[PDB]
């Protein structure tokens, strides 16, 4: 029971309960925000919502309301900043903000989702720098990885590399897929049993729990970089070839 729906803001036309068949492989949903998932039903299809303060403060996710939203919605887990390593946030800045605003939530917490960049001061390098800046004063349960690349072998080596750099830590993968042009179905088919087998991986969320039509209209940048082959829904709102693996 490690799988989750990476559920975008534009997903009002779709029903998260489509990818929940009661077998209990799919357990979680997050929407990059602290507001409840926008859905066709207005519910989360029996999945546990994970609030996310994905920027330091926004109109959609006001950090002044993070603690009140958490208490009001009953989250068991919270995610923090989305890809600060490429969004202009220094490790020291992230550590200070995380201690002020995320530390106080007395639930399960993940450090910010970092990219798979190999550039010094991005990706896992940035993450190490933030753990240094934290100076033992950050409270967290999880490190949170994104990965986009061209093969299962590369993905497997990256997760192994993160584990070798952070051997004590538990990992959440809040976004992952191949870049455009690969065989997304074969990748996820290999990745799900690999991740299900790792004791130090708690949750994974394929990019992305939407349809090709919604991804094209609302996130043309993701279509450029990933394509529409990892969408868990068809335009008809049913499970795609990738969605079918989630069950």
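Residue numbers count along the first chain shown, from 1.
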Tell me which of 40 to 48 and 58 to 66 has the higher mean C-alpha B-factor in the deposited entry.
40 to 48
On mean Cα temperature factor in this entry, is 69 to 77 or 158 to 166 the higher one?
69 to 77
Between 209, 191, 203, 215, which carries the biggest CA temperature factor in the record?
215
Could you look up the Cα B-factor of residue 153 in the entry and say which third of the chain it sits in: lowest, middle or highest?
middle
Third of chain Cα B-factors occupied by residue 172
middle
